[PDB]
Amino acid sequence: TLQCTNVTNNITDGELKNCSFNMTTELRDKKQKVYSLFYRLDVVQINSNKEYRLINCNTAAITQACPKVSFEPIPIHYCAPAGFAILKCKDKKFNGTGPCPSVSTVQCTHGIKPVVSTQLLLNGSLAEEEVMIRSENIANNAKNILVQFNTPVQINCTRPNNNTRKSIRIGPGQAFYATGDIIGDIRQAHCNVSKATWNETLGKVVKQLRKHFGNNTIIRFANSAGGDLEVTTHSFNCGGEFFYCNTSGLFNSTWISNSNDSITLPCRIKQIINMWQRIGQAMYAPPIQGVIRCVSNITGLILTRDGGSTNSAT
Amino acid sequence: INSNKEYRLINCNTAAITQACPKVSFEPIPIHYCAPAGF
Amino acid sequence: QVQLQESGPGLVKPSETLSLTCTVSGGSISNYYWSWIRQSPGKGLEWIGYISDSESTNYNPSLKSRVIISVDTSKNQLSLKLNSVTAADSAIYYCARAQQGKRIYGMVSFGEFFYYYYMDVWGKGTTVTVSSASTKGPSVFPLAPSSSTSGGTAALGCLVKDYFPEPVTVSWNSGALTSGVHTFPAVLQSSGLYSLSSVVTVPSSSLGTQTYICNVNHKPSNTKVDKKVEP
Amino acid sequence: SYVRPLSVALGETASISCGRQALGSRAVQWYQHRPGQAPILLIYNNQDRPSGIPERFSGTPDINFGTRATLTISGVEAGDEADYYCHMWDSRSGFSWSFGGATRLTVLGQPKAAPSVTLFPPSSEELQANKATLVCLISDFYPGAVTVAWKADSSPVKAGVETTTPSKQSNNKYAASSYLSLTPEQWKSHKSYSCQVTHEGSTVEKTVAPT
Ligand SMILES: *[C@@H]1O[C@H](CO)[C@@H](O[C@@H]2O[C@H](CO)[C@@H](O[C@@H]3O[C@H](CO[C@H]4O[C@H](CO[C@H]5O[C@H](CO)[C@@H](O)[C@H](O)[C@@H]5O[C@H]5O[C@H](CO)[C@@H](O)[C@H](O)[C@@H]5O)[C@@H](O)[C@H](O[C@H]5O[C@H](CO)[C@@H](O)[C@H](O)[C@@H]5O)[C@@H]4O)[C@@H](O)[C@H](O[C@H]4O[C@H](CO)[C@@H](O)[C@H](O)[C@@H]4O[C@H]4O[C@H](CO)[C@@H](O)[C@H](O)[C@@H]4O[C@H]4O[C@H](CO)[C@@H](O)[C@H](O)[C@@H]4O)[C@@H]3O)[C@H](O)[C@H]2NC(C)=O)[C@H](O)[C@H]1NC(C)=O
Ligand SMILES: *[C@@H]1O[C@H](CO)[C@@H](O[C@@H]2O[C@H](CO)[C@@H](O[C@@H]3O[C@H](CO[C@H]4O[C@H](CO[C@H]5O[C@H](CO)[C@@H](O)[C@H](O)[C@@H]5O)[C@@H](O)[C@H](O)[C@@H]4O)[C@@H](O)[C@H](O[C@H]4O[C@H](CO)[C@@H](O)[C@H](O)[C@@H]4O[C@H]4O[C@H](CO)[C@@H](O)[C@H](O)[C@@H]4O[C@H]4O[C@H](CO)[C@@H](O)[C@H](O)[C@@H]4O)[C@@H]3O)[C@H](O)[C@H]2NC(C)=O)[C@H](O)[C@H]1NC(C)=O
Ligand SMILES: *[C@@H]1O[C@H](CO)[C@@H](O[C@@H]2O[C@H](CO)[C@@H](O[C@@H]3O[C@H](CO[C@H]4O[C@H](CO)[C@@H](O)[C@H](O)[C@@H]4O)[C@@H](O)[C@H](O[C@H]4O[C@H](CO)[C@@H](O)[C@H](O)[C@@H]4O[C@H]4O[C@H](CO)[C@@H](O)[C@H](O)[C@@H]4O[C@H]4O[C@H](CO)[C@@H](O)[C@H](O)[C@@H]4O)[C@@H]3O)[C@H](O)[C@H]2NC(C)=O)[C@H](O)[C@H]1NC(C)=O
Ligand SMILES: *[C@@H]1O[C@H](CO)[C@@H](O[C@@H]2O[C@H](CO)[C@@H](O[C@@H]3O[C@H](CO[C@H]4O[C@H](CO)[C@@H](O)[C@H](O[C@H]5O[C@H](CO)[C@@H](O)[C@H](O)[C@@H]5O[C@H]5O[C@H](CO)[C@@H](O)[C@H](O)[C@@H]5O)[C@@H]4O)[C@@H](O)[C@H](O[C@H]4O[C@H](CO)[C@@H](O)[C@H](O)[C@@H]4O)[C@@H]3O)[C@H](O)[C@H]2NC(C)=O)[C@H](O)[C@H]1NC(C)=O
Ligand SMILES: *[C@@H]1O[C@H](CO)[C@@H](O[C@@H]2O[C@H](CO)[C@@H](O[C@@H]3O[C@H](CO[C@H]4O[C@H](CO)[C@@H](O)[C@H](O[C@H]5O[C@H](CO)[C@@H](O)[C@H](O)[C@@H]5O)[C@@H]4O)[C@@H](O)[C@H](O[C@H]4O[C@H](CO)[C@@H](O)[C@H](O)[C@@H]4O)[C@@H]3O)[C@H](O)[C@H]2NC(C)=O)[C@H](O)[C@H]1NC(C)=O
Ligand SMILES: *[C@@H]1O[C@H](CO)[C@@H](O[C@@H]2O[C@H](CO)[C@@H](O[C@@H]3O[C@H](CO[C@H]4O[C@H](CO)[C@@H](O)[C@H](O[C@H]5O[C@H](CO)[C@@H](O)[C@H](O)[C@@H]5O[C@H]5O[C@H](CO)[C@@H](O)[C@H](O)[C@@H]5O)[C@@H]4O)[C@@H](O)[C@H](O)[C@@H]3O)[C@H](O)[C@H]2NC(C)=O)[C@H](O)[C@H]1NC(C)=O
Ligand SMILES: *[C@@H]1O[C@H](CO)[C@@H](O[C@@H]2O[C@H](CO)[C@@H](O[C@@H]3O[C@H](CO)[C@@H](O)[C@H](O)[C@@H]3O)[C@H](O)[C@H]2NC(C)=O)[C@H](O)[C@H]1NC(C)=O
Ligand SMILES: *[C@@H]1O[C@H](CO)[C@@H](O[C@@H]2O[C@H](CO)[C@@H](O)[C@H](O)[C@H]2NC(C)=O)[C@H](O)[C@H]1NC(C)=O
Ligand SMILES: *[C@@H]1O[C@H](CO)[C@@H](O[C@@H]2O[C@H](CO)[C@@H](O)[C@H](O)[C@H]2NC(C)=O)[C@H](O)[C@H]1NC(C)=O
Ligand SMILES: *[C@@H]1O[C@H](CO)[C@@H](O)[C@H](O)[C@H]1NC(C)=O
C-alpha cells in the first residue's frame with residue numbers, strides 16, 4: 001500500500017499519479033522508499049492522504065513482461081504437414097461461406113501478423129474488390145460482423161511524453177522497471193484519422209450491406225454501449241504500451257437513400273492487463289521512454305447488431 | 001557495506017541461488033556421445 | 001501613443017484603506033487590461049493581480065485577503081483600494097499594462113495552454129510609503145553664488161530642508177531652464193525628514209540678476225512656494 | 001529573495017543565468033528594471049521584442065526541450081546597468097505569481113570619473129531661524145564609493161554626520177549629498193569649515209568661511 005495523489009499540472013484534464021513507497025531491497029530486512037508514476041486504471045482506493053491499491057490485487061497475480069522480448073507482430077505462415085494440405089480460395093467476390101470456384105494449392109499460409117486488436121483490424125490483407133463482408137448469420141444480431149477494406153487509410157496513434165525509467169533492484173536478480181520523471185510537456189494519448197478517406201471508405205461500406213436489408217432502408221451509428229473497460233474501446237499494442245481510445249468521432253453518421261479535417265481520438269494507456277478474457281496471473285507492461293509514434297493501415301473492423309426492435313423500420 | 005562488522009553475500013548484488021542437493025554428486029563419469037542411424 | 005500617470009494623495013494611517021488611480025489618455029480601455037506592480041527598496045519587484053472588461057478578477061497568493069480593484073468606463077482608468085496597510089506596503093506602484101499572448105503546446109481542444117501575460121508600457125510612478133505622520137510644508141532658503149572656477153562658469157542653488165516626503169516638484173522659472181540642472185534627491189535625518197538640494201551651473205559673465213526663480217510644490221501640504229535668489 | 005551578481009567587461013558580451021528553470025515548454029517574460037523608474041521591457045516572447053528596443057538582445061527560442069533561457073548582451077555600456085527579472089511561465093507550473101529573482105549587473109572596464117565639489121554657506125535667513133547648516137555637493141564620480149569628513153579647522157566634527165549613499169543620474173554616473181546639522185552660534189565662532197571627500201585614493205576639497 002503505496003501512497004499518492006495527483007501529478008503536477010494546472011488542474012485541467014485521472015490523468016496519472018505519482019506514488020512514493022515501501023519496497024524490499026536486495027537485502028532482506030533492509031527496505032527502501034522510492035517513487036514511480038502510475039495511471040488511473042492500474043489502482044483503486046480503499047480508505048488517507050490518499051492511497052489506493054492496484055486494480056488487479058483484488059483477484060490475480062502479475063508477471064511483468066521482459067522488455068528484452070518485444071510484441072511487434074511479424075508474419076506467421078501456418079503449415080499443414082505431409083499427409084495433409086491446407087488450401088486457399090481465390091475469387092474476390094467470395095463471401096463468408098460456400099464452395100470456391102477459383103482454387104489454387106498452398107501448404108503454408110501467407111504471412112499473417114498476429115495483431116492484438118479489439119473492434120478493428122489493420123495492417124492486414126486487403127482484397128482487390130469493394131470490401132464485401134460476412135457474419136455467421138447476419139439475420140441475428142448476437143453473432144458479429146467483420147469488415148475489411150479495399151484501400152487502407154492511415155492511422156497514427158500518439159502520446160508525446162518522453163517517459164523516463166529506472167531499473168531498481170527488488171532482490172536477488174529481480175529488477176523492477178519503475179517509470180521515472182516526465183521531462184517536457186504533459187500530453188494525452190490520441191490517434192489521427194483524416195475523415196476525407198474515412199467517410200468515403202465508410203461510404204462503400206455503407207452501400208454494400210444494403211444488399212441484405214433492402215436497397216431502400218435506414219442505417220445507423222454511434223459509440224459502443226456495452227461491456228468492460230478493455231473492449232468497449234480500442235485495445236491494442238503500440239511500441240510497448242497499450243491503448244484504449246473512445247472511437248467517438250468515428251461512429252458519427254447516418255446515410256440514407258444513398259482543410260485536413262483529421263479526426264483525433266483520445267486514448268488512455270494501460271500497463272497491467274488480464275488479456276484474452278482470462279483471469280489469472282496478469283502481465284505488467286513495462287513503460288516506453290521518449291516519444292512514441294506508430295503509423296498504421298486500417299484494413300478491417302468487427303461489429304454486432306443490437307437485436308430486438310421493429311423490423312426494417314429503423 | 002557499513003558496524004561490528006557485517007557484510008552481505010557477494011551474489012546478493014545481482015542474482016538468486018539454489019543450493020545443490022548433496023544427494024547428487026559432481027564426480028565426472030565417462031560419457032559416450034552417439035550419432036543415430038541415418039548418420 | 002498610450003500614456004500614463006498615477007495619483008496618490010499621500011500616506012494613509014495603519015490598518016486602513018488605500019486609494020490610487022492612474023489615468024490613461026491613449027484609447028479605449030474596455031478593449032484591454034492594465035494591472036499593478038510594486039517596487040520596494042531593499043526588496044524585489046512584485047505583481048499582485050488583475051480583472052477584465054468582462055470583469056474577471058484575480059489576486060496574489062500572499063495578498064488576496066483584502067485587495068479589491070474595480071474600474072470605471074466614463075473615466076478610462078483604474079481605481080485600486082486596499083484595507084489594512086502595514087509599514088511594509090510602503091512603495092512606489094506602477095499601473096502595469098499587460099498584453100496577452102496564447103502559447104499552446106499543441107492543439108486547443110486537447111486542453112493545450114497556459115496563457116502568458118506580458119506587460120508593455122507603464123508609468124513614471126507615484127510614491128507612497130506608510131507611517132503615522134501628518135503633513136507640513138518645506139523650508140525655503142537661498143544660498144548665493146561664490147564669486148566657483150574662472151569665468152565663465154559659476155554655481156548657485158536652492159535649499160529645501162524640512163518637508164514630508166522627498167517627492168516634491170522643484171522647477172526653475174516654470175521649467176524655462178533645464179540646462180546644467182541637477183536636483184539632488186534628499187538625505188533622511190534622525191528627526192525623520194528628507195532634506196534636499198538642487199543646483200544649476202551658471203557662468204560669471206551671465207551675472208547678474210536675470211530673474212532666476214526657484215519654484216517648488218508639495219501636494220499633501222498643498223504649499224506653492226517660489227523664492228528669489230541673489231548674491 | 002534578493003540580488004545575485006553577474007559582472008562583465010566593457011565592450012564585450014557575456015551570459016546571464018536565471019533561476020526557477022522551467023519544467024515544460026517555455027514562455028518567459030523579461031523586465032529591465034532601474035531603481036526608482038519604470039521597468040522597461042526587452043521581449044515578450046523568447047523570440048520577439050517590442051518596438052523601439054535595440055535589435056540585440058534576444059532570449060533563446062523554445063526549439064526543443066533542452067534549451068534554458070539565456071541572453072547575451074552585445075555592445076555593453078554603462079546604459080545597460082540595471083537589475084532585471086526573469087518572469088517564468090511554463091507548461092505545468094501553476095499561475096506564476098513571483099518574478100525571477102533580482103539579478104545584478106555592473107559594467108566593469110569604464111575607468112573612473114573624478115567628483116566635482118560645491119560648497120555654499122547657510123542662508124541669509126536661516127541664521128534668524130536659530131539654525132544653520134551647509135552641505136557639500138559632488139557630481140559625476142565613478143565608482144560611487146566615497147567617504148566624506150567635515151572639518152572644524154584642527155578638529156573634525158562627528159556630529160550631524162549623515163549623507164546619501166551615491167545614487168545616480170541619467171548621465172550614468174552617481175551623485176551624493178552630505179548634510180550638516182549646525183547652530184548659528186558655533187557658525188560664527190569658527191574661522192572656517194570644511195567637508196571633504198575620499199573618492200578613489202585622491203582628494204580635492206576646499207573650504208568656506210563666514211561673511
Ligand atoms: C493530428 O491532427 C492534429 C489536428 O490537426 C494536429 O494537431 C497539431 O499538433 C501540433 C503538435 O502535435 C501543433 O503544433 C503546435 O502548434 C502551435 C500553434 O501553432 C499555431 O498557432 C500559432 C499562433 O498563432 C498566433 O500567433 C501568430 C504568431 O504571431 C500570429 O501570426 C497568428 O495570427 C496568431 O495570432 C492570433 O491568434 C491567437 C490565437 O492562436 C490570438 O491569441 C492572437 O491574439 C491573434 O488573434 C501560429 O503562428 C501557427 O502558424 C504557424 O504554424 C503552422 C503549423 O502549425 C503553419 O502552417 C503556419 O504557416 C505558421 O508557420 C499555428 O497556426 C505552435 O506554437 C507549436 O510550436 C511551438 O512550440 C513547440 C513546442 O512548444 C516548439 O518546439 C516550437 O519551436 C514552437 O515554438 C515557436 O513559437 C513560439 C511561440 O511563438 C516561440 O516562442 C518560439 O521561439 C518558437 O519560435 C520559432 O518558430 C516561430 C513560428 O512558430 C518563429 O516565429 C520563430 O522565429 C522561431 O523560428 C506547435 O508546433 C498544432 O498546433 C496542431 N494543430 C492545430 C490546428 O492546432 C497534429 O499535428 C496531427 N498529428 C499528430 C498528433 O501526430
Ligand atoms: C514524484 O514524487 C517524488 C517524491 O518522491 C518527487 O521527487 C521529489 O521532487 C522534488 C522536486 O521539487 C525534489 O526536490 C528537489 O531536491 C533537490 C535535491 O537537492 C540536491 O542538491 C543539494 C545541494 O546541491 C548538491 O547537489 C547538486 C546536484 O543536485 C550539485 O550540483 C551541488 O554542487 C551540490 O553538490 C543537496 O544538499 C541535496 O542532498 C540534493 O543532492 C533540491 O536541490 C531542489 O531544490 C531546487 O528547487 C527548489 C524549489 O523551491 C528551489 O527553491 C531551489 O533553489 C532548488 O533550485 C534548483 O534549481 C535552481 C534553478 O532554478 C538552481 O539554481 C538550484 O541550485 C537548484 O538546481 C540544482 O539542480 C539542477 C539540476 O536538477 C542544476 O541544474 C543546478 O545547477 C543545481 O545543481 C528540490 O528541492 C525532491 O528531492 C524529490 N524527492 C525524491 C525522493 O525524489 C518527484 O519530483 C515527483 N515527480 C513528479 C513529476 O511530480
Ligand atoms: C500519420 O502520420 C504519418 C507519418 O507522420 C503521415 O504520413 C506522412 O506524411 C508526410 C506529409 O506531411 C510525408 O512526408 C513528407 O514529405 C514531404 C515531401 O512531399 C512534398 O514534396 C514532394 C517532392 O519533394 C512532393 O512529391 C509531394 O507531393 C509534396 O509536395 C516533405 O517535405 C516533408 O518534410 C521534410 O522533413 C521531413 C522530416 O519530417 C523529412 O523526412 C523530409 O524528407 C522533408 O525534407 C527534408 O529531408 C529530405 C530527405 O529526407 C531532404 O531532401 C530535404 O531537403 C529536407 O532536408 C533535410 O534532410 C536533408 C538530408 O536528406 C538535410 O541535408 C537537410 O539539412 C534537412 O535536414 C515530409 O517528410 C510522409 O511520407 C508520410 N508518411 C507515410 C508513411 O505516408 C500521415 O499523413 C498521418 N496521418 C494522419 C491521418 O494524420
Ligand atoms: C469517450 O469520449 C466521448 C466524447 O465525448 C464521451 O461521450 C460523452 O459520454 C458521456 C457519458 O458519460 C456523456 O455524458 C452524459 O451527458 C448527459 C448530458 O449532460 C447534461 O446533464 C448535466 C448534469 O449532469 C448538465 O450539467 C449538462 O449541462 C449542459 O447543458 C446545459 C444546457 O442544456 C448547460 O447549462 C451546461 O453547461 C452543459 O452545456 C454545455 O455543454 C453542452 C454540450 O455538452 C452545450 O450544448 C452547452 O451550450 C454548454 O456548452 C447537460 O444538460 C448527462 O446528463 C449524463 O449524465 C450522467 O452523468 C451525470 C453527472 O454528470 C448524472 O447526473 C447522470 O445521472 C448520468 O450518470 C452523462 O454525463 C456525454 O454527453 C458524451 N459526449 C458526447 C459529445 O458524446 C464518452 O463518454 C467517452 N467514453 C469513455 C468511456 O470515456
Ligand atoms: C511500509 O509499511 C510499513 C508498515 O508499518 C511502514 O511502517 C513504518 O515503520 C517505521 C519503523 O518501524 C516507523 O518508524 C517510526 O519513527 C518514529 C519517529 O522516528 C524519528 O525519531 C526517532 C527517535 O524517536 C529516530 O530514531 C528516527 O530516525 C533517526 O535515526 C535514523 C537512522 O537510524 C535517521 O535516518 C533519522 O534522521 C533519525 O536520526 C526519526 O528521526 C517513531 O516515533 C516511531 O515510533 C515507534 O517507536 C516509539 C519509541 O521511539 C514507540 O513509542 C512507538 O510506539 C513506535 O514503536 C517509529 O520508530 C514508521 O513511522 C512507519 N510508518 C509510519 C507512517 O509511521 C513503512 O513506512 C512503509 N514504507 C516504507 C518502510 O518505506
Ligand atoms: C525525449 O526525452 C529525452 C530525455 O531522456 C531526450 O534525450 C536527450 O536528448 C538530447 C538531445 O537534445 C541529448 O543530448 C545530446 O547528448 C549527446 C551526448 O552527450 C555528450 O556530449 C554533450 C555535448 O554535446 C555533453 O553535454 C555530454 O556531457 C555530459 O557530461 C559532461 C561531463 O563529462 C558535461 O560537461 C555535460 O554538460 C553533460 O552532463 C551534464 O548533464 C548532467 C545532468 O544531465 C549534469 O549533472 C552535468 O553536470 C552536466 O551539466 C556528453 O559528453 C551530444 O552529442 C549531443 O550534442 C546532445 O548534447 C541527451 O543526452 C538525451 N538524454 C537522454 C537521457 O537520452 C530526447 O531527445 C527527447 N526527445 C524528444 C523527441 O523530445
Ligand atoms: C485530483 O485528485 C482528486 C482526488 O484526490 C480528484 O477529486 C475527485 O473529483 C471527482 C470529480 O471531479 C470526484 O468524483 C465524484 O465521484 C462521486 C461518486 O464516487 C460522484 O457522485 C461525484 O459527482 C463526483 O463525480 C472524486 O470523488 C474526487 N476525489 C476525491 C474527493 O477524493 C480530482 O479530480 C483530481 N484532479 C483532476 C484534474 O481530476
Ligand atoms: C500500408 O499500405 C500500403 C498500401 O496502401 C502497403 O504497401 C505500400 O504501398 C505503397 C503504395 O501504395 C508503397 O509506396 C509502399 O512501398 C508499400 N509498402 C510495402 C511495405 O509494400 C504497405 O505495406 C502497408 N504498410 C504495412 C503493411 O506496414
Ligand atoms: C459527430 O461526432 C462528433 C464528435 O466526434 C460531434 O462533434 C462535436 O461537435 C460540436 C459542434 O457542435 C463541437 O463543439 C464538439 O467539440 C464536438 N465533440 C467532440 C467530442 O469533438 C458531432 O456533433 C457528431 N455529429 C452527430 C450528428 O452525431
Ligand atoms: C422498402 O422499404 C420498406 C420500409 O421503408 C421495407 O419494409 C421494405 O422491405 C423495403 N423494400 C426493399 C425491396 O428493400
# chains A, B, ... in the order shown; residues from 1 in each chain; ligands from 1

call {"tool": "residues_near_ligand", "arguments": {"ligand": "ligand 3", "cutoff": "6 Å", "atoms": "only C-alpha atoms and all ligand atoms", "output": "list in words"}}
result
residues 154, 155, 156, 192, 193, 194, 262 and 295 of chain A

call {"tool": "interface_residues", "arguments": {"of": "chain C", "to": "chain A", "cutoff": "12 Å", "atoms": "only C-alpha atoms", "output": "PyMOL selection string"}}
result
chain C and resi 104-107+109-115

call {"tool": "write_last_selection", "arguments": {"atoms": "C-alpha atoms", "output": "mmCIF file, in the first residue's frame"}}
result
data_model
loop_
_atom_site.group_PDB
_atom_site.id
_atom_site.type_symbol
_atom_site.label_atom_id
_atom_site.label_comp_id
_atom_site.auth_asym_id
_atom_site.auth_seq_id
_atom_site.Cartn_x
_atom_site.Cartn_y
_atom_site.Cartn_z
ATOM 1 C CA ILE C 104 -0.105 26.426 -26.645
ATOM 2 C CA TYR C 105 1.977 23.245 -26.576
ATOM 3 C CA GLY C 106 -0.281 21.812 -29.331
ATOM 4 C CA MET C 107 -3.946 21.946 -30.482
ATOM 5 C CA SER C 109 -9.160 21.090 -27.749
ATOM 6 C CA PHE C 110 -6.912 18.548 -26.014
ATOM 7 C CA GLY C 111 -6.591 21.379 -23.445
ATOM 8 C CA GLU C 112 -3.405 22.819 -24.657
ATOM 9 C CA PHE C 113 -2.232 26.027 -22.991
ATOM 10 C CA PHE C 114 -1.373 28.296 -20.225
ATOM 11 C CA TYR C 115 -1.643 31.922 -21.309
#

call {"tool": "residues_around", "arguments": {"residues": "range 102-118 of chain D", "least_positions_apart": "6", "cutoff": "8 Å", "atoms": "only C-alpha atoms", "output": "count of residues only"}}
result
34

call {"tool": "residues_near_ligand", "arguments": {"ligand": "ligand 5", "cutoff": "7 Å", "atoms": "only C-alpha atoms and all ligand atoms", "output": "PyMOL selection string"}}
result
chain A and resi 21-23+31-33

call {"tool": "residues_near_ligand", "arguments": {"ligand": "ligand 8", "cutoff": "9 Å", "atoms": "only C-alpha atoms and all ligand atoms", "output": "ChimeraX atom specification"}}
result
/A:122-126,151-154,295-299

call {"tool": "write_last_selection", "arguments": {"atoms": "N, CA and C atoms", "output": "CSV table (one decimal), in the first residue's frame"}}
result
chain,number,residue,atom,x,y,z
A,122,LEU,N,-6.1,-4.1,-38.9
A,122,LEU,CA,-5.3,-3.1,-39.6
A,122,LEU,C,-3.9,-3.8,-39.9
A,123,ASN,N,-3.3,-3.3,-40.9
A,123,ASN,CA,-2.0,-3.9,-41.4
A,123,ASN,C,-2.3,-5.4,-41.8
A,124,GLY,N,-3.5,-5.7,-42.2
A,124,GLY,CA,-3.9,-7.0,-42.6
A,124,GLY,C,-3.9,-7.1,-44.1
A,125,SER,N,-4.4,-8.3,-44.6
A,125,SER,CA,-4.6,-8.5,-46.0
A,125,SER,C,-5.7,-7.6,-46.5
A,126,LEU,N,-5.7,-7.4,-47.8
A,126,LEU,CA,-6.7,-6.5,-48.4
A,126,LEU,C,-7.1,-7.1,-49.8
A,151,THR,N,-9.0,-0.3,-50.0
A,151,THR,CA,-7.8,0.6,-49.9
A,151,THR,C,-7.7,1.1,-48.5
A,152,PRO,N,-6.6,0.8,-47.8
A,152,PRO,CA,-6.5,1.2,-46.4
A,152,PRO,C,-6.2,2.7,-46.3
A,153,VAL,N,-6.7,3.2,-45.1
A,153,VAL,CA,-6.4,4.6,-44.8
A,153,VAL,C,-5.6,4.6,-43.5
A,154,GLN,N,-4.8,5.6,-43.3
A,154,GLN,CA,-3.7,5.7,-42.4
A,154,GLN,C,-4.2,6.0,-41.0
A,295,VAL,N,2.6,4.6,-37.1
A,295,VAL,CA,1.7,4.6,-38.3
A,295,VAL,C,1.0,3.3,-38.4
A,296,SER,N,0.0,3.3,-39.3
A,296,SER,CA,-0.9,2.1,-39.4
A,296,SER,C,-1.8,2.2,-40.6
A,297,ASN,N,-2.5,1.1,-41.0
A,297,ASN,CA,-3.0,0.8,-42.3
A,297,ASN,C,-4.4,0.1,-42.2
A,298,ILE,N,-5.5,0.9,-41.9
A,298,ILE,CA,-6.7,0.2,-41.5
A,298,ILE,C,-7.2,-0.7,-42.6
A,299,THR,N,-7.4,-2.0,-42.2
A,299,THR,CA,-7.9,-2.9,-43.1
A,299,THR,C,-9.3,-3.4,-42.7

call {"tool": "residues_near_ligand", "arguments": {"ligand": "ligand 4", "cutoff": "10 Å", "atoms": "only C-alpha atoms and all ligand atoms", "output": "PyMOL selection string"}}
result
chain A and resi 222-225+228-230+232-233+244-249+252+265-268

call {"tool": "write_last_selection", "arguments": {"atoms": "C-alpha atoms", "output": "mmCIF file, in the first residue's frame"}}
result
data_model
loop_
_atom_site.group_PDB
_atom_site.id
_atom_site.type_symbol
_atom_site.label_atom_id
_atom_site.label_comp_id
_atom_site.auth_asym_id
_atom_site.auth_seq_id
_atom_site.Cartn_x
_atom_site.Cartn_y
_atom_site.Cartn_z
ATOM 1 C CA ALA A 222 -22.738 5.915 -32.552
ATOM 2 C CA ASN A 223 -20.323 4.500 -29.870
ATOM 3 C CA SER A 224 -20.032 1.089 -28.117
ATOM 4 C CA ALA A 225 -22.632 0.822 -25.353
ATOM 5 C CA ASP A 228 -15.965 -3.799 -19.803
ATOM 6 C CA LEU A 229 -13.341 -1.060 -19.953
ATOM 7 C CA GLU A 230 -10.975 -3.057 -22.153
ATOM 8 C CA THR A 232 -15.629 -1.067 -25.238
ATOM 9 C CA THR A 233 -12.626 0.874 -26.523
ATOM 10 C CA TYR A 244 -7.799 2.437 -25.222
ATOM 11 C CA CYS A 245 -9.470 5.244 -27.268
ATOM 12 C CA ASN A 246 -13.176 6.057 -27.406
ATOM 13 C CA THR A 247 -13.991 5.776 -31.064
ATOM 14 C CA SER A 248 -16.455 8.646 -30.635
ATOM 15 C CA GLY A 249 -15.769 10.691 -33.758
ATOM 16 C CA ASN A 252 -20.894 9.568 -36.227
ATOM 17 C CA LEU A 265 -9.181 10.283 -30.789
ATOM 18 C CA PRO A 266 -8.303 10.339 -27.065
ATOM 19 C CA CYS A 267 -6.910 7.140 -25.585
ATOM 20 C CA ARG A 268 -5.710 6.002 -22.186
#

call {"tool": "residues_around", "arguments": {"residues": "range 28-34 of chain D", "least_positions_apart": "4", "cutoff": "8 Å", "atoms": "only C-alpha atoms", "output": "list in words"}}
result
residues 118 of chain C; 38, 39, 40, 41, 42, 43, 44, 45, 46, 69, 82, 83, 84, 85, 86, 87, 88, 89 and 90 of chain D

call {"tool": "residues_around", "arguments": {"residues": "range 309-312 of chain A", "least_positions_apart": "2", "cutoff": "10 Å", "atoms": "only C-alpha atoms", "output": "PDB file with N, CA, C and O atoms, in the first residue's frame"}}
result
ATOM      1  N   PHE A 213     -30.438  -5.821 -46.288  1.00  0.00           N
ATOM      2  CA  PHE A 213     -31.554  -5.211 -45.581  1.00  0.00           C
ATOM      3  C   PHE A 213     -32.367  -4.335 -46.525  1.00  0.00           C
ATOM      4  O   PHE A 213     -33.025  -3.388 -46.093  1.00  0.00           O
ATOM      5  N   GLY A 214     -32.328  -4.646 -47.818  1.00  0.00           N
ATOM      6  CA  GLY A 214     -33.061  -3.885 -48.808  1.00  0.00           C
ATOM      7  C   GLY A 214     -32.311  -2.657 -49.275  1.00  0.00           C
ATOM      8  O   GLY A 214     -31.537  -2.080 -48.509  1.00  0.00           O
ATOM      9  N   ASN A 216     -33.353   0.247 -49.760  1.00  0.00           N
ATOM     10  CA  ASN A 216     -34.214   1.394 -49.505  1.00  0.00           C
ATOM     11  C   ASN A 216     -34.357   1.678 -48.011  1.00  0.00           C
ATOM     12  O   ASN A 216     -35.360   2.269 -47.593  1.00  0.00           O
ATOM     13  N   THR A 217     -33.388   1.262 -47.200  1.00  0.00           N
ATOM     14  CA  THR A 217     -33.565   1.101 -45.767  1.00  0.00           C
ATOM     15  C   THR A 217     -32.604   2.006 -45.000  1.00  0.00           C
ATOM     16  O   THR A 217     -31.583   2.458 -45.527  1.00  0.00           O
ATOM     17  N   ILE A 218     -32.974   2.286 -43.746  1.00  0.00           N
ATOM     18  CA  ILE A 218     -32.127   3.020 -42.816  1.00  0.00           C
ATOM     19  C   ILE A 218     -30.787   2.312 -42.590  1.00  0.00           C
ATOM     20  O   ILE A 218     -30.642   1.104 -42.813  1.00  0.00           O
ATOM     21  N   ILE A 219     -29.805   3.088 -42.118  1.00  0.00           N
ATOM     22  CA  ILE A 219     -28.594   2.605 -41.453  1.00  0.00           C
ATOM     23  C   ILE A 219     -28.168   3.676 -40.453  1.00  0.00           C
ATOM     24  O   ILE A 219     -28.639   4.813 -40.495  1.00  0.00           O
ATOM     25  N   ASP A 306     -27.780  -5.034 -32.336  1.00  0.00           N
ATOM     26  CA  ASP A 306     -28.380  -4.983 -31.007  1.00  0.00           C
ATOM     27  C   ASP A 306     -29.674  -5.775 -30.891  1.00  0.00           C
ATOM     28  O   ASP A 306     -30.118  -6.038 -29.768  1.00  0.00           O
ATOM     29  N   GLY A 307     -30.298  -6.141 -32.006  1.00  0.00           N
ATOM     30  CA  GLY A 307     -31.386  -7.097 -31.965  1.00  0.00           C
ATOM     31  C   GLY A 307     -32.795  -6.548 -31.971  1.00  0.00           C
ATOM     32  O   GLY A 307     -33.192  -5.830 -32.894  1.00  0.00           O
ATOM     33  N   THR A 314     -36.427   1.009 -38.340  1.00  0.00           N
ATOM     34  CA  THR A 314     -35.117   1.595 -38.055  1.00  0.00           C
ATOM     35  C   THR A 314     -34.429   0.704 -37.022  1.00  0.00           C
ATOM     36  O   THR A 314     -34.537   0.932 -35.815  1.00  0.00           O
TER      37      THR A 314
END

call {"tool": "residues_near_ligand", "arguments": {"ligand": "ligand 6", "cutoff": "8 Å", "atoms": "only C-alpha atoms and all ligand atoms", "output": "MDAnalysis selection string"}}
result
(chainID A and resid 160:164 183:184 289:291) or (chainID D and resid 64:66)

call {"tool": "write_last_selection", "arguments": {"atoms": "C-alpha atoms", "output": "short mmCIF file (atom, residue, chain, number, x, y, z; two decimals), in the first residue's frame"}}
result
data_model
loop_
_atom_site.label_atom_id
_atom_site.label_comp_id
_atom_site.auth_asym_id
_atom_site.auth_seq_id
_atom_site.Cartn_x
_atom_site.Cartn_y
_atom_site.Cartn_z
CA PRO A 160 4.18 12.72 -26.94
CA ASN A 161 5.53 12.28 -23.40
CA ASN A 162 9.17 11.24 -23.03
CA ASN A 163 8.82 8.92 -20.06
CA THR A 164 11.87 8.16 -18.01
CA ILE A 183 10.64 15.81 -18.74
CA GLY A 184 8.69 18.03 -21.11
CA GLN A 289 10.57 6.03 -22.78
CA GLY A 290 10.98 9.01 -25.02
CA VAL A 291 8.42 9.89 -27.66
CA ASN D 64 13.21 21.71 -28.36
CA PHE D 65 13.42 20.73 -24.73
CA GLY D 66 17.00 21.20 -23.60
#
